[PDB]
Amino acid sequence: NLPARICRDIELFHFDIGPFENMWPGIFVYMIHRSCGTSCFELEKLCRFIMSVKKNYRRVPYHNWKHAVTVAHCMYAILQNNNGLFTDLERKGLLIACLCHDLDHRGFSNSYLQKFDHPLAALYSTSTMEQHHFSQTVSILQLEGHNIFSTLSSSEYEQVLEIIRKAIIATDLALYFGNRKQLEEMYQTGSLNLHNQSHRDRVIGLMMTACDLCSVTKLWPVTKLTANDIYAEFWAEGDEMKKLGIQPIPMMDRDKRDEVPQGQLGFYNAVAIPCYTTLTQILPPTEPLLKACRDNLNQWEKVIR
């Protein structure tokens, strides 16, 4: 069962899941049963599914099993503070999408895969690794005793898989810029309609981005340490770009590491702040994410001074 401190702290947007890996499944089970009912998901099947998902994450610095559960927690907190907006089915799908969205991630971007001429880039031209993460999710669901959705109708099964596919694909940050621009225009013209499936899919897309980027919404000591893991992958990809004979972008070039604070500023300005600002406009109870993001922007500004 869940320790008292976790029981309380799990409801905070800036919760950190801790360094004990064997506790994470229980944290995920608690979140999905609190969000979607103890009804649905036979415990045994869910646990089996969870353990296989874990097994298919890699021991990379950032896009690892810990990241999956952390992204799932952020989604939990959004859903807990916006009661009555999403269906039981959506809530289950979104939480599973979050757990699975980075399956088999090797710590390299779609861009590197393209430049490498990796076989995945020939299979899936755009959102290469995300299409792969979704395929891996379906493959795991298809394993004996792993169908956590087995009690759903055929129609609901197809429904939930589609929710998951769109949610995983939306974690391709390249898609975020256009998604956010459209949502913002709809907000400002007052035409956003959550009963319109296309608008709804967009809002879910932004939620997925907001959860994926959530390191910037933790408290500063957590944000700062997490940035170390983020750069560890970027710099490893930059080394690999150099090995292909391509000069990496500055963000991936360890020779430019002294410019991290300026790079962070750019990221918060162009990506993080607009993302959480748009999210708060649509879902006001997500305000704490924006506040924490702004606090971290200030800390980065403080580093530069």
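Position 1 is the first residue in the sequence shown; the rest follow in order.
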Quick check: 103-111 versus 181-189, which has the larger average CA B-factor in the record? 181-189
Taking the deposited Cα B-factors and averaging over 123-131 and over 228-236, the higher mean is found in 123-131
When you compare the CA B-factors of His146, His199, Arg165, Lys218 as listed in the entry, which one comes out on top? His146
In the PDB entry, which of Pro274, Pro250, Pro261, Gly37 has its C-alpha at the highest B-factor? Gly37
Using the B-factor values recorded in the entry, state whether the Cα atom of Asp9 falls in the lowest, middle or highest third among the modelled residues of its chain. highest
If you rank the chain by CA B-factor, which third does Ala270 end up in: lowest, middle or highest? lowest
Check where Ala174 lands among this chain's C-alpha B-factors and tell me if it's the lowest, middle or highest third. lowest
Would you check the entry's CA temperature factor for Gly26 and let me know if it's in the chain's lowest, middle or highest third? highest
For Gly93, return the chain-relative third of its C-alpha B-factor as stated in the PDB record: lowest, middle or highest. middle
